[PDB]
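This report concerns only the one structure given below.
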Amino acid sequence: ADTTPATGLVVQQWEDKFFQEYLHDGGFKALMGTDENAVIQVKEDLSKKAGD
Amino acid sequence: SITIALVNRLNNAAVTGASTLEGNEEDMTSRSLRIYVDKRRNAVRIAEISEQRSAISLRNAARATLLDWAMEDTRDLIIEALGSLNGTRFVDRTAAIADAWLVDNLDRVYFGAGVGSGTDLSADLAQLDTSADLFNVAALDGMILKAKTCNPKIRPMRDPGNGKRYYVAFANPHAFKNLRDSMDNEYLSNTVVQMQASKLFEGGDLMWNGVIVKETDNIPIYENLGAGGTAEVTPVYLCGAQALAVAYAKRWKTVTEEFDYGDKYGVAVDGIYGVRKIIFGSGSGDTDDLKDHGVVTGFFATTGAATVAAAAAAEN
Amino acid sequence: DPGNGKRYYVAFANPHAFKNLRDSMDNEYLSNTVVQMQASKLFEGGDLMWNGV
Amino acid sequence: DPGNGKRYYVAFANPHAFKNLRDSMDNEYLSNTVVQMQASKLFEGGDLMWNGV
Amino acid sequence: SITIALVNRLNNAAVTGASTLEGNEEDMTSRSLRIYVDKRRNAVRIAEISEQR
């Protein structure tokens, strides 16, 4: 006859890498700016001063 | 076998103010897919007297035919994996498996002209008639919309710029001809783009809404799966990034062996590998409600000759 | 506002609403205009442009 | 077989069959295409090309 | 005459890992075509009086 490995001795391998879901970022980052006519206004004044 | 993993996104509301974050952490979810491999071989044996008698070189012919057979086997395995229902071959599908797959993948399945219910696959295929349920631009646009609205989004194969998302569709020559008949006198003959206009005469892979449609001659045509039990049905596969997975325990390799004191000479091609369609669960369990990760399948009626027998393509 | 009566705005729409807008646009304008950039969007796709928006 | 799914063949047809094919091809496709050679074939009457054939 | 040859493709099912390939090989089929050659000729003969006339 022919020698075969036991059913419980069949090795399964696992990968250390993983996939990530695809997420749409909206594209708003292109509209952010500190200029007066920016579609989205960025006010970073509270990063140096105090207040909520 | 080899197991690959997918990590689901976090969808928990932010902890605002001074509220404690310790003990209120988000439960990360992961999914796994197991891909098996198998050994596939073929061989050709030639006698020395037959080598002497033959006018052509039989060894070179054997090597070339073995290489072609290996390529054909890989292509057939990939095509078969593309049409697998939860890892089960389409011709070997059952009613329960097909119904579960249709229910759990209703956001990635688009029948012709956007018809079909959400409970039974057999009835949905039986709603396909050759008159209005062919493969056209409208069906392709609906399939593209499906690829962009599924709960786990399908990754485009490329993100070249401003809102452009690219995918690759595989279709039979008959479905490709139907798409060309839909595209020829409406958009291809009137567009000012030279590259797309030239495709009307020098036919090739088409482009529509960012999807590159390719003509693969070996996509099966299932027999008597359409309206009235007499209409042929063909699947079209719209794939993005991470659509199929190929595991290679041993690549295609050729060996030679001698038999009968060197009288006979045999060439063999062998390889250990396995091709599967990447599917991940969506329910509470790891593989509770499996979903096609990166593939949208569309069944359309056709008038072409069926490559699969009626008994073979039936729901066994 | 580059002048010459041209005013530009941004628009954000869902893929379903965007598909409806593209269906309204392609069969009439995108397939007939001689503008290469907008004509190529019939096949390549992407964000649409209409009336400066 | 250059690439990109392009497969070429040569068809030989009688002038009657060629005339029938041209009658099927002229008022539908050749009159509107922007390809200079195929458009010129409408008035010059050269060998036809369709689907790589 | 001359002879040209064609080698048909292999269309057998793949052998499983545990199945035996030694002895279950696939026989390659080869086809031949025999092209004959023949002598084709044609002649025209004219008399001297006809040349004068």
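Going through the structure tokens in order, the chains are called A, B, and so on, while each chain numbers its residues from 1 and the ligands are numbered from 1 in the order shown.
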Can you build me a table of chain C residues sitting at most 10 Å from chain A, with the closest atom pair per residue and its distance in Å to one decimal, using only C-alpha atoms, sorted by chain and residue number, as JSON lines?
{"residue": "C:1", "atom": "CA", "partner": "A:37", "partner_atom": "CA", "distance": 10.0}
{"residue": "C:9", "atom": "CA", "partner": "A:39", "partner_atom": "CA", "distance": 9.1}
{"residue": "C:10", "atom": "CA", "partner": "A:39", "partner_atom": "CA", "distance": 8.5}
{"residue": "C:12", "atom": "CA", "partner": "A:26", "partner_atom": "CA", "distance": 8.8}
Output for the residues just chosen: N, CA, C and O atoms as a PDB file, in the first residue's frame:
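Output below, filename selection24.pdb:
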ATOM      1  N   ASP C   1     -13.085  82.336  -8.920  1.00  0.00           N
ATOM      2  CA  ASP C   1     -13.663  83.360  -9.789  1.00  0.00           C
ATOM      3  C   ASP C   1     -12.571  83.902 -10.700  1.00  0.00           C
ATOM      4  O   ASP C   1     -11.961  84.941 -10.409  1.00  0.00           O
ATOM      5  N   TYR C   9     -17.982  76.005  -8.366  1.00  0.00           N
ATOM      6  CA  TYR C   9     -18.446  75.467  -7.098  1.00  0.00           C
ATOM      7  C   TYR C   9     -18.126  73.981  -7.042  1.00  0.00           C
ATOM      8  O   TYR C   9     -17.884  73.337  -8.067  1.00  0.00           O
ATOM      9  N   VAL C  10     -18.114  73.437  -5.828  1.00  0.00           N
ATOM     10  CA  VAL C  10     -17.936  72.012  -5.629  1.00  0.00           C
ATOM     11  C   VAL C  10     -19.299  71.414  -5.313  1.00  0.00           C
ATOM     12  O   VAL C  10     -20.206  72.091  -4.832  1.00  0.00           O
ATOM     13  N   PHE C  12     -21.017  67.587  -3.739  1.00  0.00           N
ATOM     14  CA  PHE C  12     -20.828  66.262  -3.165  1.00  0.00           C
ATOM     15  C   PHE C  12     -22.147  65.512  -3.261  1.00  0.00           C
ATOM     16  O   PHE C  12     -23.182  66.012  -2.797  1.00  0.00           O
TER      17      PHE C  12
END
Using only C-alpha atoms, which residues sit within 10 Å of range 255-269 of chain B once same-chain residues fewer than 5 positions away are excluded, as a PyMOL selection string? (chain B and resi 40-51+59-60+62-63+65-67+69-70) or (chain E and resi 21-22+25)
What does chain C look like once superposed on chain D, all Cα atoms paired in sequence order, least squares? Give it as an mmCIF file with N, CA and C atoms, in the first residue's frame.
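The result, stored in part-v8.cif:
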data_model
loop_
_atom_site.group_PDB
_atom_site.id
_atom_site.type_symbol
_atom_site.label_atom_id
_atom_site.label_comp_id
_atom_site.auth_asym_id
_atom_site.auth_seq_id
_atom_site.Cartn_x
_atom_site.Cartn_y
_atom_site.Cartn_z
ATOM 1 N N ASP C 1 -1.160 39.096 -33.919
ATOM 2 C CA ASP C 1 -1.544 39.195 -32.511
ATOM 3 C C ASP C 1 -0.610 40.177 -31.817
ATOM 4 N N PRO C 2 -0.897 41.476 -31.903
ATOM 5 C CA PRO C 2 -0.030 42.466 -31.253
ATOM 6 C C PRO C 2 -0.308 42.605 -29.765
ATOM 7 N N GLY C 3 -1.163 41.738 -29.227
ATOM 8 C CA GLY C 3 -1.511 41.838 -27.821
ATOM 9 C C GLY C 3 -2.622 42.846 -27.597
ATOM 10 N N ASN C 4 -2.874 43.151 -26.321
ATOM 11 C CA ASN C 4 -3.907 44.093 -25.907
ATOM 12 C C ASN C 4 -5.292 43.639 -26.357
ATOM 13 N N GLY C 5 -5.476 42.330 -26.513
ATOM 14 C CA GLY C 5 -6.772 41.783 -26.863
ATOM 15 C C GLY C 5 -7.160 41.988 -28.312
ATOM 16 N N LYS C 6 -6.193 42.344 -29.153
ATOM 17 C CA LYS C 6 -6.449 42.600 -30.564
ATOM 18 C C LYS C 6 -5.981 41.408 -31.392
ATOM 19 N N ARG C 7 -6.901 40.815 -32.148
ATOM 20 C CA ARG C 7 -6.607 39.700 -33.037
ATOM 21 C C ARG C 7 -7.103 40.044 -34.432
ATOM 22 N N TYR C 8 -6.251 39.835 -35.431
ATOM 23 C CA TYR C 8 -6.528 40.248 -36.799
ATOM 24 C C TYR C 8 -6.702 39.038 -37.705
ATOM 25 N N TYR C 9 -7.653 39.143 -38.630
ATOM 26 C CA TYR C 9 -7.928 38.111 -39.616
ATOM 27 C C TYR C 9 -8.153 38.765 -40.972
ATOM 28 N N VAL C 10 -8.016 37.969 -42.028
ATOM 29 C CA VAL C 10 -8.309 38.425 -43.373
ATOM 30 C C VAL C 10 -9.661 37.853 -43.772
ATOM 31 N N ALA C 11 -10.333 38.526 -44.699
ATOM 32 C CA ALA C 11 -11.597 38.037 -45.221
ATOM 33 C C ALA C 11 -11.651 38.315 -46.711
ATOM 34 N N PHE C 12 -12.146 37.341 -47.465
ATOM 35 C CA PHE C 12 -12.296 37.450 -48.910
ATOM 36 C C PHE C 12 -13.771 37.297 -49.246
ATOM 37 N N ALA C 13 -14.316 38.275 -49.970
ATOM 38 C CA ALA C 13 -15.723 38.271 -50.334
ATOM 39 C C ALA C 13 -15.884 38.743 -51.771
ATOM 40 N N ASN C 14 -17.005 38.356 -52.373
ATOM 41 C CA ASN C 14 -17.335 38.788 -53.718
ATOM 42 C C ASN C 14 -17.703 40.271 -53.718
ATOM 43 N N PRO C 15 -17.614 40.935 -54.876
ATOM 44 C CA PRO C 15 -18.047 42.341 -54.939
ATOM 45 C C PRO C 15 -19.490 42.559 -54.521
ATOM 46 N N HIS C 16 -20.381 41.594 -54.754
ATOM 47 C CA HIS C 16 -21.762 41.747 -54.303
ATOM 48 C C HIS C 16 -21.860 41.645 -52.784
ATOM 49 N N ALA C 17 -21.203 40.640 -52.200
ATOM 50 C CA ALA C 17 -21.179 40.520 -50.746
ATOM 51 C C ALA C 17 -20.452 41.697 -50.112
ATOM 52 N N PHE C 18 -19.360 42.145 -50.733
ATOM 53 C CA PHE C 18 -18.654 43.319 -50.231
ATOM 54 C C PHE C 18 -19.532 44.561 -50.306
ATOM 55 N N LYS C 19 -20.321 44.692 -51.375
ATOM 56 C CA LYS C 19 -21.236 45.823 -51.485
ATOM 57 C C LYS C 19 -22.300 45.774 -50.399
ATOM 58 N N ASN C 20 -22.833 44.583 -50.115
ATOM 59 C CA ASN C 20 -23.801 44.455 -49.028
ATOM 60 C C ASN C 20 -23.182 44.837 -47.687
ATOM 61 N N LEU C 21 -21.957 44.372 -47.430
ATOM 62 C CA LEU C 21 -21.278 44.717 -46.185
ATOM 63 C C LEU C 21 -21.028 46.217 -46.087
ATOM 64 N N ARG C 22 -20.601 46.841 -47.187
ATOM 65 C CA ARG C 22 -20.364 48.279 -47.174
ATOM 66 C C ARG C 22 -21.663 49.051 -46.985
ATOM 67 N N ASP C 23 -22.762 48.560 -47.562
ATOM 68 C CA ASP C 23 -24.055 49.195 -47.338
ATOM 69 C C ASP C 23 -24.448 49.120 -45.871
ATOM 70 N N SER C 24 -24.174 47.986 -45.224
ATOM 71 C CA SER C 24 -24.457 47.874 -43.797
ATOM 72 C C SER C 24 -23.533 48.754 -42.962
ATOM 73 N N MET C 25 -22.314 49.005 -43.439
ATOM 74 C CA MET C 25 -21.314 49.721 -42.651
ATOM 75 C C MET C 25 -21.390 51.240 -42.792
ATOM 76 N N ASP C 26 -21.657 51.749 -43.998
ATOM 77 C CA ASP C 26 -21.418 53.163 -44.278
ATOM 78 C C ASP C 26 -22.463 54.064 -43.629
ATOM 79 N N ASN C 27 -23.738 53.678 -43.692
ATOM 80 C CA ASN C 27 -24.798 54.549 -43.198
ATOM 81 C C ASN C 27 -24.805 54.667 -41.680
ATOM 82 N N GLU C 28 -24.061 53.816 -40.977
ATOM 83 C CA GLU C 28 -24.033 53.821 -39.521
ATOM 84 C C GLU C 28 -22.683 54.225 -38.948
ATOM 85 N N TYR C 29 -21.595 53.628 -39.429
ATOM 86 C CA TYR C 29 -20.282 53.796 -38.819
ATOM 87 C C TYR C 29 -19.343 54.677 -39.628
ATOM 88 N N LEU C 30 -19.144 54.370 -40.912
ATOM 89 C CA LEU C 30 -18.126 55.069 -41.695
ATOM 90 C C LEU C 30 -18.420 56.560 -41.800
ATOM 91 N N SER C 31 -19.698 56.938 -41.778
ATOM 92 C CA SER C 31 -20.072 58.339 -41.907
ATOM 93 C C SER C 31 -20.016 59.101 -40.590
ATOM 94 N N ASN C 32 -19.770 58.423 -39.466
ATOM 95 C CA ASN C 32 -19.812 59.058 -38.158
ATOM 96 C C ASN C 32 -18.503 59.007 -37.383
ATOM 97 N N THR C 33 -17.640 58.027 -37.637
ATOM 98 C CA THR C 33 -16.424 57.885 -36.847
ATOM 99 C C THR C 33 -15.473 59.052 -37.082
ATOM 100 N N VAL C 34 -14.709 59.387 -36.037
ATOM 101 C CA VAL C 34 -13.704 60.440 -36.124
ATOM 102 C C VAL C 34 -12.357 59.919 -36.600
ATOM 103 N N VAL C 35 -12.259 58.635 -36.932
ATOM 104 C CA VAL C 35 -11.009 58.062 -37.419
ATOM 105 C C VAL C 35 -10.842 58.455 -38.881
ATOM 106 N N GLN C 36 -9.753 59.166 -39.183
ATOM 107 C CA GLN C 36 -9.565 59.698 -40.529
ATOM 108 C C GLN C 36 -9.422 58.584 -41.559
ATOM 109 N N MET C 37 -8.677 57.529 -41.222
ATOM 110 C CA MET C 37 -8.428 56.458 -42.182
ATOM 111 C C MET C 37 -9.724 55.777 -42.602
ATOM 112 N N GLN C 38 -10.582 55.453 -41.636
ATOM 113 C CA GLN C 38 -11.840 54.791 -41.957
ATOM 114 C C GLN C 38 -12.874 55.756 -42.519
ATOM 115 N N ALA C 39 -12.871 57.012 -42.065
ATOM 116 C CA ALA C 39 -13.809 57.992 -42.602
ATOM 117 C C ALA C 39 -13.530 58.275 -44.073
ATOM 118 N N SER C 40 -12.251 58.372 -44.446
ATOM 119 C CA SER C 40 -11.899 58.634 -45.837
ATOM 120 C C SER C 40 -12.300 57.492 -46.761
ATOM 121 N N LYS C 41 -12.495 56.286 -46.222
ATOM 122 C CA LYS C 41 -12.931 55.162 -47.042
ATOM 123 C C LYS C 41 -14.364 55.325 -47.526
ATOM 124 N N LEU C 42 -15.124 56.250 -46.937
ATOM 125 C CA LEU C 42 -16.474 56.514 -47.423
ATOM 126 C C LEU C 42 -16.453 57.093 -48.830
ATOM 127 N N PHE C 43 -15.394 57.821 -49.178
ATOM 128 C CA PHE C 43 -15.247 58.444 -50.485
ATOM 129 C C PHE C 43 -14.203 57.755 -51.350
ATOM 130 N N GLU C 44 -13.013 57.501 -50.803
ATOM 131 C CA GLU C 44 -11.967 56.841 -51.576
ATOM 132 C C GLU C 44 -12.293 55.373 -51.813
ATOM 133 N N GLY C 45 -12.944 54.728 -50.851
ATOM 134 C CA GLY C 45 -13.229 53.315 -50.958
ATOM 135 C C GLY C 45 -12.030 52.464 -50.584
ATOM 136 N N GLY C 46 -12.178 51.163 -50.812
ATOM 137 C CA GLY C 46 -11.124 50.205 -50.577
ATOM 138 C C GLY C 46 -11.595 49.086 -49.680
ATOM 139 N N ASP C 47 -10.644 48.257 -49.256
ATOM 140 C CA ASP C 47 -10.954 47.148 -48.368
ATOM 141 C C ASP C 47 -11.394 47.667 -47.004
ATOM 142 N N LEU C 48 -12.434 47.051 -46.454
ATOM 143 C CA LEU C 48 -12.999 47.511 -45.195
ATOM 144 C C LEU C 48 -12.305 46.835 -44.015
ATOM 145 N N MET C 49 -12.512 47.396 -42.827
ATOM 146 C CA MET C 49 -11.984 46.817 -41.600
ATOM 147 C C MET C 49 -13.067 46.844 -40.535
ATOM 148 N N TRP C 50 -13.247 45.721 -39.846
ATOM 149 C CA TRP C 50 -14.286 45.618 -38.823
ATOM 150 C C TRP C 50 -13.882 44.557 -37.814
ATOM 151 N N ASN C 51 -13.820 44.940 -36.537
ATOM 152 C CA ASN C 51 -13.500 44.023 -35.441
ATOM 153 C C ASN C 51 -12.155 43.333 -35.648
ATOM 154 N N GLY C 52 -11.193 44.048 -36.226
ATOM 155 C CA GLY C 52 -9.889 43.489 -36.499
ATOM 156 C C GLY C 52 -9.800 42.660 -37.759
ATOM 157 N N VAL C 53 -10.904 42.472 -38.473
ATOM 158 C CA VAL C 53 -10.932 41.679 -39.695
ATOM 159 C C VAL C 53 -10.867 42.623 -40.886
#
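Here CA of residue 118 in chain B stands at a distance of 22.4 Å from CA of residue 136 in chain B.
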Considering only C-alpha atoms, extract the chain A residues located within 6 Å of chain B and return them as an NGL selection string. :A and (12-15 or 18-20 or 22)
Show which residues sit within 8 Å of range 78-93 of chain B, as a PDB file with N, CA, C and O atoms, in the first residue's frame. Count only C-alpha atoms, and ignore same-chain residues fewer than 6 positions away.
ATOM      1  N   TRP B 101     -25.832  31.716  -0.882  1.00  0.00           N
ATOM      2  CA  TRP B 101     -24.894  32.611  -1.549  1.00  0.00           C
ATOM      3  C   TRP B 101     -25.607  33.821  -2.135  1.00  0.00           C
ATOM      4  O   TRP B 101     -25.120  34.952  -2.024  1.00  0.00           O
ATOM      5  N   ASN B 218     -13.070  31.188 -22.715  1.00  0.00           N
ATOM      6  CA  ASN B 218     -13.368  29.976 -21.962  1.00  0.00           C
ATOM      7  C   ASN B 218     -14.331  30.217 -20.805  1.00  0.00           C
ATOM      8  O   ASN B 218     -14.425  29.380 -19.901  1.00  0.00           O
ATOM      9  N   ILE B 219     -15.046  31.332 -20.809  1.00  0.00           N
ATOM     10  CA  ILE B 219     -16.112  31.520 -19.818  1.00  0.00           C
ATOM     11  C   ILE B 219     -17.275  30.596 -20.164  1.00  0.00           C
ATOM     12  O   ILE B 219     -17.770  30.629 -21.303  1.00  0.00           O
ATOM     13  N   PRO B 235     -22.005  34.076 -17.297  1.00  0.00           N
ATOM     14  CA  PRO B 235     -21.575  34.998 -16.240  1.00  0.00           C
ATOM     15  C   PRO B 235     -20.471  35.944 -16.690  1.00  0.00           C
ATOM     16  O   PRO B 235     -19.556  35.579 -17.430  1.00  0.00           O
ATOM     17  N   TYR B 237     -17.691  38.651 -14.935  1.00  0.00           N
ATOM     18  CA  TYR B 237     -17.039  38.845 -13.640  1.00  0.00           C
ATOM     19  C   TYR B 237     -16.346  40.202 -13.612  1.00  0.00           C
ATOM     20  O   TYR B 237     -15.390  40.428 -14.356  1.00  0.00           O
ATOM     21  N   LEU B 244      -8.898  37.137  -6.591  1.00  0.00           N
ATOM     22  CA  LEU B 244      -8.584  35.719  -6.508  1.00  0.00           C
ATOM     23  C   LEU B 244      -7.250  35.542  -5.798  1.00  0.00           C
ATOM     24  O   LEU B 244      -6.414  36.448  -5.768  1.00  0.00           O
ATOM     25  N   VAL B 275      -6.096  27.518  -6.709  1.00  0.00           N
ATOM     26  CA  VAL B 275      -6.674  28.822  -7.011  1.00  0.00           C
ATOM     27  C   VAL B 275      -8.055  28.892  -6.380  1.00  0.00           C
ATOM     28  O   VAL B 275      -8.865  27.972  -6.546  1.00  0.00           O
ATOM     29  N   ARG B 276      -8.324  29.976  -5.655  1.00  0.00           N
ATOM     30  CA  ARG B 276      -9.603  30.151  -4.985  1.00  0.00           C
ATOM     31  C   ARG B 276     -10.061  31.595  -5.118  1.00  0.00           C
ATOM     32  O   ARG B 276      -9.271  32.499  -5.403  1.00  0.00           O
ATOM     33  N   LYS B 277     -11.361  31.797  -4.929  1.00  0.00           N
ATOM     34  CA  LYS B 277     -11.949  33.129  -4.915  1.00  0.00           C
ATOM     35  C   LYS B 277     -11.973  33.636  -3.478  1.00  0.00           C
ATOM     36  O   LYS B 277     -12.535  32.981  -2.594  1.00  0.00           O
ATOM     37  N   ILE B 279     -13.105  35.026  -0.364  1.00  0.00           N
ATOM     38  CA  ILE B 279     -14.400  35.276   0.254  1.00  0.00           C
ATOM     39  C   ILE B 279     -14.201  35.368   1.760  1.00  0.00           C
ATOM     40  O   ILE B 279     -13.415  34.608   2.336  1.00  0.00           O
ATOM     41  N   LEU B 290     -20.663  34.461   4.251  1.00  0.00           N
ATOM     42  CA  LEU B 290     -19.532  34.714   3.369  1.00  0.00           C
ATOM     43  C   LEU B 290     -19.935  35.649   2.235  1.00  0.00           C
ATOM     44  O   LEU B 290     -21.014  35.508   1.651  1.00  0.00           O
ATOM     45  N   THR B 297     -20.573  39.365  -9.722  1.00  0.00           N
ATOM     46  CA  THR B 297     -20.960  38.371 -10.713  1.00  0.00           C
ATOM     47  C   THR B 297     -22.292  38.762 -11.334  1.00  0.00           C
ATOM     48  O   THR B 297     -23.258  39.039 -10.614  1.00  0.00           O
ATOM     49  N   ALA B 312     -25.252  18.807 -16.869  1.00  0.00           N
ATOM     50  CA  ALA B 312     -24.108  19.238 -16.073  1.00  0.00           C
ATOM     51  C   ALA B 312     -24.366  20.572 -15.384  1.00  0.00           C
ATOM     52  O   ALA B 312     -23.961  20.759 -14.230  1.00  0.00           O
ATOM     53  N   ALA B 313     -25.031  21.503 -16.063  1.00  0.00           N
ATOM     54  CA  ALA B 313     -25.279  22.833 -15.524  1.00  0.00           C
ATOM     55  C   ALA B 313     -26.508  22.898 -14.628  1.00  0.00           C
ATOM     56  O   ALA B 313     -26.787  23.959 -14.062  1.00  0.00           O
ATOM     57  N   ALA B 314     -27.246  21.801 -14.486  1.00  0.00           N
ATOM     58  CA  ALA B 314     -28.436  21.805 -13.652  1.00  0.00           C
ATOM     59  C   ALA B 314     -28.059  21.862 -12.174  1.00  0.00           C
ATOM     60  O   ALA B 314     -26.936  21.540 -11.774  1.00  0.00           O
ATOM     61  N   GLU B 315     -29.023  22.282 -11.358  1.00  0.00           N
ATOM     62  CA  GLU B 315     -28.831  22.406  -9.914  1.00  0.00           C
ATOM     63  C   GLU B 315     -28.974  21.024  -9.289  1.00  0.00           C
ATOM     64  O   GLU B 315     -30.063  20.602  -8.897  1.00  0.00           O
ATOM     65  N   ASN B 316     -27.858  20.309  -9.197  1.00  0.00           N
ATOM     66  CA  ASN B 316     -27.857  18.964  -8.633  1.00  0.00           C
ATOM     67  C   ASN B 316     -28.051  19.008  -7.122  1.00  0.00           C
ATOM     68  O   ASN B 316     -27.940  20.063  -6.500  1.00  0.00           O
TER      69      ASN B 316
END
Would you mind writing down, as a PyMOL selection string, each residue of chain C that DSSP on the backbone assigns to alpha helix (DSSP H)? chain C and resi 15-25+36-40
Could you write those residues out with N, CA and C atoms, as a PDB file, in the first residue's frame?
ATOM      1  N   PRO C  15     -23.066  57.950  -4.556  1.00  0.00           N
ATOM      2  CA  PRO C  15     -22.885  57.200  -5.810  1.00  0.00           C
ATOM      3  C   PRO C  15     -24.175  56.960  -6.573  1.00  0.00           C
ATOM      4  N   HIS C  16     -25.312  56.819  -5.890  1.00  0.00           N
ATOM      5  CA  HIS C  16     -26.578  56.655  -6.599  1.00  0.00           C
ATOM      6  C   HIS C  16     -27.001  57.952  -7.280  1.00  0.00           C
ATOM      7  N   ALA C  17     -26.923  59.071  -6.555  1.00  0.00           N
ATOM      8  CA  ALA C  17     -27.230  60.364  -7.158  1.00  0.00           C
ATOM      9  C   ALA C  17     -26.235  60.707  -8.257  1.00  0.00           C
ATOM     10  N   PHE C  18     -24.956  60.391  -8.041  1.00  0.00           N
ATOM     11  CA  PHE C  18     -23.956  60.615  -9.078  1.00  0.00           C
ATOM     12  C   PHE C  18     -24.238  59.761 -10.306  1.00  0.00           C
ATOM     13  N   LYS C  19     -24.686  58.520 -10.101  1.00  0.00           N
ATOM     14  CA  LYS C  19     -25.039  57.665 -11.229  1.00  0.00           C
ATOM     15  C   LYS C  19     -26.224  58.231 -11.997  1.00  0.00           C
ATOM     16  N   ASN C  20     -27.229  58.745 -11.283  1.00  0.00           N
ATOM     17  CA  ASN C  20     -28.359  59.377 -11.960  1.00  0.00           C
ATOM     18  C   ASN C  20     -27.912  60.591 -12.769  1.00  0.00           C
ATOM     19  N   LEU C  21     -27.046  61.423 -12.185  1.00  0.00           N
ATOM     20  CA  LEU C  21     -26.541  62.591 -12.901  1.00  0.00           C
ATOM     21  C   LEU C  21     -25.742  62.183 -14.133  1.00  0.00           C
ATOM     22  N   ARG C  22     -24.898  61.157 -14.005  1.00  0.00           N
ATOM     23  CA  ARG C  22     -24.119  60.696 -15.147  1.00  0.00           C
ATOM     24  C   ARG C  22     -25.016  60.098 -16.222  1.00  0.00           C
ATOM     25  N   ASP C  23     -26.085  59.407 -15.821  1.00  0.00           N
ATOM     26  CA  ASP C  23     -27.038  58.894 -16.798  1.00  0.00           C
ATOM     27  C   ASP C  23     -27.704  60.033 -17.553  1.00  0.00           C
ATOM     28  N   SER C  24     -28.032  61.119 -16.852  1.00  0.00           N
ATOM     29  CA  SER C  24     -28.607  62.277 -17.528  1.00  0.00           C
ATOM     30  C   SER C  24     -27.591  62.975 -18.426  1.00  0.00           C
ATOM     31  N   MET C  25     -26.305  62.905 -18.083  1.00  0.00           N
ATOM     32  CA  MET C  25     -25.277  63.653 -18.802  1.00  0.00           C
ATOM     33  C   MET C  25     -24.717  62.919 -20.018  1.00  0.00           C
ATOM     34  N   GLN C  36     -11.832  67.051 -25.326  1.00  0.00           N
ATOM     35  CA  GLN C  36     -11.192  65.766 -25.064  1.00  0.00           C
ATOM     36  C   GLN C  36     -11.305  65.370 -23.598  1.00  0.00           C
ATOM     37  N   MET C  37     -11.120  66.329 -22.687  1.00  0.00           N
ATOM     38  CA  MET C  37     -11.134  66.014 -21.262  1.00  0.00           C
ATOM     39  C   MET C  37     -12.485  65.460 -20.830  1.00  0.00           C
ATOM     40  N   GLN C  38     -13.572  66.104 -21.256  1.00  0.00           N
ATOM     41  CA  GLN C  38     -14.900  65.641 -20.878  1.00  0.00           C
ATOM     42  C   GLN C  38     -15.337  64.423 -21.679  1.00  0.00           C
ATOM     43  N   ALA C  39     -14.926  64.325 -22.946  1.00  0.00           N
ATOM     44  CA  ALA C  39     -15.275  63.157 -23.747  1.00  0.00           C
ATOM     45  C   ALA C  39     -14.628  61.894 -23.192  1.00  0.00           C
ATOM     46  N   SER C  40     -13.369  61.992 -22.756  1.00  0.00           N
ATOM     47  CA  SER C  40     -12.680  60.831 -22.204  1.00  0.00           C
ATOM     48  C   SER C  40     -13.313  60.344 -20.908  1.00  0.00           C
TER      49      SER C  40
END
Counting only C-alpha atoms, which of B:220, B:112, B:210, B:203 gets nearest to residue 167 in chain B? B:210
In Å, rounded to a single decimal, give me how far CA of residue 299 in chain B is from CA of residue 23 in chain A.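 Computing it gives 27.8 Å between the two atoms.
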Per DSSP on the backbone, filter chain A down to the residues in strand (DSSP E or B) and report them as an MDAnalysis selection string. chainID A and resid 13:20 32:33 40:41
What gap, in Å, lies between CA of residue 173 in chain B and CA of residue 215 in chain B? 5.5 Å
Within 12 Å of chain A: residues of chain E, using only C-alpha atoms, as a list in words: residues 17, 18, 19 and 20 of chain E
Residues of chain E within 6 Å of chain B: nearest atom pair and distance (Å, one decimal) for each, counting only C-alpha atoms, sorted by chain and number, as a tab-separated table?
residue	atom	partner	partner_atom	distance
E:9	CA	B:65	CA	6.0
E:10	CA	B:69	CA	5.9
E:14	CA	B:40	CA	5.2
E:15	CA	B:41	CA	5.1
E:16	CA	B:40	CA	5.6
E:17	CA	B:39	CA	4.5
E:25	CA	B:43	CA	5.2
E:26	CA	B:44	CA	5.6
The selected residues should be written to file as a compact mmCIF listing (two decimals), in the first residue's frame (atoms: N, CA, C and O atoms).
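Saved result, selection35.txt, follows:
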# COMPACT_ATOMS: atom_id res chain seq x y z
N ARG E 9 -3.25 19.58 -29.33
CA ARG E 9 -3.09 19.94 -27.93
C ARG E 9 -3.50 18.78 -27.02
O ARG E 9 -4.26 17.89 -27.42
N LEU E 10 -2.98 18.80 -25.80
CA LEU E 10 -3.37 17.83 -24.79
C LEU E 10 -4.63 18.30 -24.07
O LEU E 10 -4.70 19.45 -23.63
N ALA E 14 -6.22 16.59 -15.24
CA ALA E 14 -5.00 16.57 -14.43
C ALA E 14 -5.02 15.37 -13.48
O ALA E 14 -6.07 14.93 -13.03
N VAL E 15 -3.83 14.85 -13.19
CA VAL E 15 -3.69 13.70 -12.31
C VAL E 15 -3.59 14.19 -10.87
O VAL E 15 -2.80 15.09 -10.56
N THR E 16 -4.40 13.60 -9.99
CA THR E 16 -4.39 13.97 -8.58
C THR E 16 -3.05 13.57 -7.96
O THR E 16 -2.31 12.75 -8.49
N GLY E 17 -2.73 14.19 -6.82
CA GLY E 17 -1.43 13.97 -6.20
C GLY E 17 -1.18 12.53 -5.82
O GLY E 17 -0.07 12.02 -5.98
N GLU E 25 -0.22 7.71 -18.91
CA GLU E 25 0.16 8.88 -19.70
C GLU E 25 -0.87 9.12 -20.80
O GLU E 25 -1.73 8.29 -21.10
N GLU E 26 -0.78 10.30 -21.41
CA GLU E 26 -1.65 10.69 -22.51
C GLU E 26 -0.90 10.56 -23.83
O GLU E 26 0.23 11.05 -23.97
